[PDB]
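**Q** Before I ask anything, here is the structure I am working with.
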Amino acid sequence: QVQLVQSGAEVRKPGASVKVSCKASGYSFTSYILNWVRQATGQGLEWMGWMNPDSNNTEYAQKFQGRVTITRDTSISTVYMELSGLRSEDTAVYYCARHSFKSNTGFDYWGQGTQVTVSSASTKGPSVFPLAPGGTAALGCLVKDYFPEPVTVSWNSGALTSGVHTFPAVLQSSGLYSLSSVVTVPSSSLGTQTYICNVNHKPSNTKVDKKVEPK
Amino acid sequence: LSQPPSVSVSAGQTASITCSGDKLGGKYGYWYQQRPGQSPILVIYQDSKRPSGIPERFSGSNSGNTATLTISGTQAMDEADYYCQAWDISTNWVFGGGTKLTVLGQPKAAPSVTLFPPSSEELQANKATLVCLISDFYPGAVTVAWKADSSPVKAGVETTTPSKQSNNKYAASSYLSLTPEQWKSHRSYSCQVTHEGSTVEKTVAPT
Amino acid sequence: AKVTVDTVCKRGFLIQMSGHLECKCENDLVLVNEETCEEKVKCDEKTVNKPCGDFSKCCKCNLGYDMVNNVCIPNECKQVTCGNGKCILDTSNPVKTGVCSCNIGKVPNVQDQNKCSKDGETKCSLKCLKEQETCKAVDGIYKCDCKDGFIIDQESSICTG
């Protein structure tokens with residue numbers, strides 16, 4: 001199938017540069033133009049530029065004063081969006097989407113999104129603690145004190161999808177994020193079924209696996 | 001492009017989201033649906049066409065200076081942000097300001113409060129936090145109150161504003177950060193959650 | 001004259017590009033004028049002043065056109081090349097001058113002497129009123145073809161499934 005996969009989330013200091021990638025598969029790379037859209041937490045989608053891999057021609061938005069640089073790599077079917085002179089305005093989620101002026105399809109397929117945070121602090125790994133446990137029971141994970149967002153939590157290597165509910169994080173006075181991901185499961189499975197908590201924090205390259213079991 | 005910021009529709013009725021432009025009748029109209037946290041999806045392309053998998057309840061029109069998105073029989077799974085798009089010669093791609101579609105008439109739901117005590121592992125890390133997990137409620141407005149023994153707690157609390165779940169309901173978290181000394185010194189701790197007038201409360205003890 | 005959306009191409013159909021419309025002749029027919037098609041005939045003695053090509057009589061092109069590269073193009077488009085498009089006659093200006101009309105997906109580029117080197121959108125204005133037909137981009141031009149999922153039945157020349 002056709003898929004647009006981007007890089008992981010990153011944290012940058014004010015003034016540094018950020019380079020986000022976008023991988024293309026399942027279609028002729030040179031056929032469609034790959035755009036770049038960002039979106040602050042508050043505001044809506046904002047187009048910044050595109051790259052036509054058939055012509056190696058780029059078009060940028062006037063409001064991005066020479067700071068957006070989109071470079072391609074048809075060998076890996078990957079386009080790169082580099083943003084320089086980072087400020088607080090650039091803290092947003094960045095998307096890549098393809099479109100065809102020959103087929104008039106619009107942004108039919110989007111990327112997964114890459115959350116870029118611009119802060120004077122550096123990345124920090126999380127500390128994961130077990131949240132020990134109709135006829136159901138609740139158990140989960142406490143992803144504690146990490147920076148920055150996001151942290152993705154799966155269960156049983158992604159084989160357990162029904163009942164999982166990763167909650168939005170909270171920011172404490174120290175400036176670190178903490179969240180909890182909880183899953184509801186039949187009480188009979190306790191003791192019979194083992195539940196593994198897969199925490200992933202790409203900004204600090206840490207993957208934590210917690211086994212939640214009754215006390 | 002100009003869109004109304006908020007549009008409310010009764011459940012089962014028809015919702016209309018307009019998009020006004022300079023010469024929008026001469027451009028192709030594209031509509032995108034974006035639910036909180038995930039990427040937008042194309043729901044209407046080329047003014048009136050819909051991609052595969054989009055229900056037949058989504059319709060589109062584009063003529064003159066207005067392009068309208070119409071959803072017949074709006075359901076709970078339609079509460080999201082709908083964006084407008086058209087390609088202009090000077091400024092290439094232009095997105096609309098957005099539209100938060102609110103589907104009224106959804107049945108009231110009672111929260112499911114699950115209070116967790118500080119883990120033994122984190123107690124060995126010399127920091128103790130209680131986790132109150134509120135979920136499966138509607139409307140998405142709650143009030144949380146923490147109590148040490150029988151007295152209310154004000155500090156050390158961090159409550160998150162509710163947000164949509166995977167089940168089209170709202171969920172929120174509240175964290176009470178204490179020291180291990182404060183945790184073991186009290187007989188119990190309670191998480192009191194008020195939804196509408198009905199109050200639900202869960203209690204845990206250090207023992 | 002003015003080939004518009006309402007023009008009925010006799011023995012032919014309408015096509016659209018970046019900045020104009022045209023009539024394309026069905027099967028192996030040729031254009032006697034802008035809006036009618038007739039069977040084209042190498043030319044012999046019996047076939048004098050018959051259509052030997054698009055806008056050509058007997059094989060010299062008609063008045064206003066010149067045989068350039070085995071086809072007949074308007075005289076004002078003699079030396080103009082667009083690349084991802086074709087040269088047409090500027091309708092607005094009185095002295096009709098050769099301007100570029102691009103394939104679907106391209107537009108005249110202001111930084112390239114209005115050549116077809118800029119990616120742009122072109123909205124189809126064709127009214128395909130026939131049975132189960134819509135405007136689709138086929139081989140770089142807009143035309144009326146069967147709708148999504150329909151195939152022309154040769155027994156009736158209609159789009160069915």
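Letters for chains follow the order of the structure tokens (A, B, ...), residue numbers begin at 1 for each chain, and ligand numbers begin at 1 in the order shown.
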Using only C-alpha atoms, which protein or nucleic acid residues come within 6 Å of residue 38 (chain A)? Drop anything in the same chain fewer than 3 positions from it, and give the result as a list in words.
**A**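 Near residue 38 (chain A), the qualifying residues are residues 45, 46, 93, 94 and 95 of chain A.
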**Q** Give me, as CSV, each residue of region 28-132 of chain C that comes within 10 Å of region 14-35 of chain B, together with its shortest interatomic pair and the distance in Å at one decimal, counting only C-alpha atoms, with rows ordered by chain and rising residue number.
**A**
residue,atom,partner,partner_atom,distance
C:121,CA,B:27,CA,8.0
C:122,CA,B:27,CA,7.8
C:123,CA,B:27,CA,6.0
C:124,CA,B:26,CA,9.0
C:125,CA,B:26,CA,8.7
**Q** So which one's closest to residue 78 (chain A), A:184, A:204, A:152, A:25? Using only C-alpha atoms, please.
**A**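 Checking each candidate against residue 78 (chain A), we get A:25 as the closest.
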**Q** Please report, as CSV, each residue of chain A lying at most 9 Å from chain B, together with the nearest pair of atoms and the separation in Å rounded to one decimal; use only C-alpha atoms, and order rows by chain and ascending residue number.
**A**
residue,atom,partner,partner_atom,distance
A:43,CA,B:97,CA,8.0
A:44,CA,B:97,CA,6.3
A:45,CA,B:95,CA,6.4
A:46,CA,B:95,CA,6.5
A:47,CA,B:93,CA,6.2
A:48,CA,B:93,CA,8.5
A:49,CA,B:92,CA,8.4
A:59,CA,B:92,CA,8.1
A:60,CA,B:92,CA,8.6
A:61,CA,B:91,CA,7.2
A:62,CA,B:91,CA,8.2
A:95,CA,B:39,CA,7.9
A:104,CA,B:46,CA,6.9
A:105,CA,B:45,CA,6.3
A:106,CA,B:30,CA,6.5
A:107,CA,B:42,CA,6.7
A:108,CA,B:42,CA,5.5
A:109,CA,B:41,CA,7.3
A:110,CA,B:39,CA,6.9
A:111,CA,B:39,CA,7.2
A:112,CA,B:39,CA,6.4
A:113,CA,B:39,CA,6.8
A:127,CA,B:122,CA,9.0
A:128,CA,B:122,CA,8.9
A:129,CA,B:122,CA,6.6
A:130,CA,B:119,CA,6.6
A:131,CA,B:119,CA,6.7
A:132,CA,B:119,CA,7.5
A:133,CA,B:116,CA,8.3
A:138,CA,B:114,CA,7.9
A:142,CA,B:131,CA,8.3
A:165,CA,B:165,CA,7.4
A:166,CA,B:165,CA,9.0
A:167,CA,B:173,CA,7.0
A:168,CA,B:160,CA,7.3
A:169,CA,B:160,CA,7.4
A:170,CA,B:160,CA,6.1
A:171,CA,B:158,CA,7.7
A:172,CA,B:158,CA,7.0
A:179,CA,B:173,CA,8.4
A:180,CA,B:131,CA,8.1
A:182,CA,B:133,CA,8.6
**Q** Could the residues of chain C within 7 Å of chain A, counting only C-alpha atoms, be given as a list in words, please?
**A**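 In the required form, that comes to residues 104, 105, 120, 121 and 137 of chain C.
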**Q** Between CA of residue 169 (chain B) and CA of residue 153 (chain B), what is the distance, to one decimal in Å?
**A**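 About the pair CA of residue 169 (chain B) and CA of residue 153 (chain B): they are 28.0 Å apart.
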**Q** Pick out the residues sitting within 12 Å of residue 194 (chain A), and hand them over as a PyMOL selection string; count only C-alpha atoms, and ignore anything fewer than 4 positions along from it in its own chain.
**A** chain A and resi 139+155-157+160+185+188-190+210-214
**Q** Would you please give, as a ChimeraX atom specification, all residues of region 1-200 of chain B that DSSP assigns to alpha helix (DSSP H) based on the backbone?
**A** /B:120-124,180-185
**Q** Mind dumping the selected residues with C-alpha atoms as a compact mmCIF listing (two decimals), in the first residue's frame?
**A**
# COMPACT_ATOMS: atom_id res chain seq x y z
CA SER B 120 6.14 0.46 45.52
CA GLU B 121 8.83 1.09 42.90
CA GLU B 122 8.31 4.86 42.92
CA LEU B 123 8.20 4.80 46.73
CA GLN B 124 11.75 3.46 46.47
CA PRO B 180 6.46 9.14 50.82
CA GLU B 181 6.28 10.58 54.34
CA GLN B 182 3.00 12.39 53.62
CA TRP B 183 1.57 9.27 51.98
CA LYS B 184 2.26 6.86 54.84
CA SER B 185 1.25 9.39 57.52
**Q** One decimal, Å: what's the distance from CA of residue 65 (chain A) over to CA of residue 11 (chain A), could you say?
**A**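 Taking CA of residue 65 (chain A) as the start and CA of residue 11 (chain A) as the end point, the length is 21.5 Å.
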**Q** I want to know what sits within 12 Å of residue 19 (chain C), based on only C-alpha atoms, with residues of the same chain fewer than 6 positions away left out; could you give that as a list in words?
**A**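 The residues satisfying every condition are residues 3, 4, 85, 86, 87, 88, 89, 90, 91, 99, 100, 101, 102, 103, 104, 105, 106, 107, 108, 114, 116, 120, 121, 122, 123, 124, 125, 141 and 142 of chain C.
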**Q** Would you save the residues of that selection, restricted to C-alpha atoms, as a tab-separated table (two decimals), in the first residue's frame?
**A**
chain	number	residue	atom	x	y	z
C	3	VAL	CA	-14.37	27.33	-29.05
C	4	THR	CA	-16.28	27.35	-25.75
C	85	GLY	CA	2.00	22.14	-23.69
C	86	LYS	CA	1.08	23.67	-27.04
C	87	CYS	CA	0.94	27.05	-28.75
C	88	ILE	CA	-2.41	28.74	-29.37
C	89	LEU	CA	-3.72	32.15	-30.47
C	90	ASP	CA	-4.10	34.88	-27.84
C	91	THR	CA	-7.84	35.62	-27.83
C	99	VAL	CA	0.79	31.95	-26.30
C	100	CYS	CA	1.28	28.68	-24.45
C	101	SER	CA	-1.47	26.33	-23.28
C	102	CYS	CA	-0.18	23.59	-21.00
C	103	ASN	CA	-1.17	20.02	-20.25
C	104	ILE	CA	-3.17	19.20	-17.14
C	105	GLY	CA	-0.95	19.80	-14.12
C	106	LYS	CA	1.17	22.57	-15.67
C	107	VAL	CA	0.67	26.32	-16.09
C	108	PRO	CA	2.52	29.16	-17.83
C	114	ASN	CA	5.13	31.99	-19.99
C	116	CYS	CA	4.88	25.24	-19.40
C	120	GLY	CA	-0.38	24.47	-11.33
C	121	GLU	CA	-4.04	23.55	-11.09
C	122	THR	CA	-6.52	23.64	-13.98
C	123	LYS	CA	-10.19	23.20	-13.10
C	124	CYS	CA	-12.17	21.30	-15.72
C	125	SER	CA	-15.15	23.26	-17.02
C	141	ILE	CA	-5.89	16.73	-21.38
C	142	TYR	CA	-9.40	16.89	-19.98
**Q** What is the CA of residue 87 (chain A)-CA of residue 58 (chain A) distance in Å, reported with one decimal?
**A** 23.2 Å
**Q** For the strand (DSSP E or B) assignment from backbone DSSP, which residues of region 63-136 of chain A qualify? Please present them as a PyMOL selection string.
**A** chain A and resi 68-73+78-83+92-99+109-110+114-118+124+127-131+136
**Q** Nearest residue to chain B out of C:119, C:139, C:155, C:133, using only C-alpha atoms?
**A**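 The closest residue to chain B is C:119.
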**Q** Measuring atom to atom with only C-alpha atoms, identify which of B:89, B:200, B:144, B:104 is nearest to chain C.
**A** B:89
**Q** List as a compact mmCIF listing (two decimals) with N, CA, C and O atoms, in the first residue's frame the protein and nucleic acid residues near residue 27 (chain A), meaning an atom at most 10 Å away when only C-alpha atoms are counted, but skip any in the same chain fewer than 6 places from it.
**A**
# COMPACT_ATOMS: atom_id res chain seq x y z
N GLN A 1 0.82 -1.20 0.00
CA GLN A 1 0.00 0.00 0.00
C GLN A 1 0.86 1.26 0.00
O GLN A 1 2.08 1.18 0.13
N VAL A 2 0.22 2.41 -0.15
CA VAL A 2 0.91 3.70 -0.13
C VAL A 2 0.99 4.19 1.31
O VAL A 2 0.01 4.13 2.06
N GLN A 3 2.17 4.68 1.70
CA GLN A 3 2.41 5.12 3.06
C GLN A 3 3.41 6.27 3.05
O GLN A 3 4.36 6.26 2.27
N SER A 77 13.56 7.54 -1.76
CA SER A 77 12.18 8.03 -1.86
C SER A 77 11.81 8.88 -0.66
O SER A 77 10.74 8.75 -0.07
**Q** Find the residue from C:135, C:95, C:80, C:43 that sits nearest to chain B; use only C-alpha atoms when measuring.
**A**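 Counting only C-alpha atoms, the residue closest to chain B is C:135.
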